[PDB]
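Quick heads-up: it's one chain on its own, the form deposited in one PDB entry, in C-alpha cells.
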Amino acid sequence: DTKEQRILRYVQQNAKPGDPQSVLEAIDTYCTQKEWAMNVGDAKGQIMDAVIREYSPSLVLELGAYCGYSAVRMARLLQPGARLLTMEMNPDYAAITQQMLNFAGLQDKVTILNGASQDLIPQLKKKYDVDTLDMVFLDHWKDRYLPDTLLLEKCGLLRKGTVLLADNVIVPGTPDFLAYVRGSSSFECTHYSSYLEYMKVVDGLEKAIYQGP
C-alpha cells in the first residue's frame, strides 16, 4: 500500500464525484495534513490556472501525471472540445491518474497514455493524428525537460506561439533546460516566482513561448 494509493483513497472517502474542485481540495488537504507529495499544489496551481485561462489552449500535452492533480487542474479549465494528452510512464500512477480524472468527471477531456515521453512523443502525429500542440506542461524527471523540448521540436509538434510551462525551475531545479530556453532566440521566457507545494520554500514556473525555427 503506497502513498499514492492512500491519496486516491482519501479523495474517494472525502471528495464529491463530478466535482473537480472538491478533488483538488481533498488532495491538498491530505498532502498538507497527512503526507507531503509532489503535486504542483495550490500556490503554483493558481498560476497555472491564470496561464491556461489567458491562452485558452485547444490541445495541451502534460509530461508526468503522477496522481493526476495537475491533469484535474488543467482539464477543468479547458473549453468545450479542447483536449489534454498526458504521459505517465509508471503504470500504477497512470491508473491512479485515470481513476482521479474519472472521479472528477473529466475523462472525456483527457487521454492518459501509460508510457515514457521519449517513446510516445514520436508517435503523436501518426498514431494520435496530432498536428501541433498549443501548450506543454513539463513536470516529469527534471533532467528530461531539455531532452524532451528538443524532441518535441524535432518531431514538428511545436508551432510559433506554443506555450511551454515548466514546474520546479528553482527546486529541485532544471538547470540545463532553464539556461537553454533563456539563452535561445527560439523561446521568449517569463518567470513566475511561487512556492514549493505545501512548503514555505521558493519555487517557480517558467513560461517559454516557442518562436519557430
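Residues that one form lacks are left out of the comparison. The first residue of the shown sequence is 1; numbering continues from there. Take the two forms, superpose them, and find the largest set of C-alpha atoms that agree within 1.5 Å; that set is the rigid core.
Unshown form deposited in another entry; subsequent notes refer to it.
Once the rigid core is overlaid between this form and the one not shown, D42 counts among the residues whose Cα shifts by 2 Å or more. Core-superposed comparison between this form and the one not shown: the C-alpha position of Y192 differs by less than 2 Å. Annotation for the pair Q21/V202: C-alpha atoms approach each other in that other deposited form, by 3 Å or more compared with this form.
A decrease of at least 3 Å in the separation of the C-alpha atoms of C189 and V201 is found in that other deposited form, compared with the displayed form. Residue ranges 37 to 42, 195 to 203 are the runs of 3 or more whose C-alphas all shift by 2 angstroms or more between this form and the one not shown once the rigid core is superposed.
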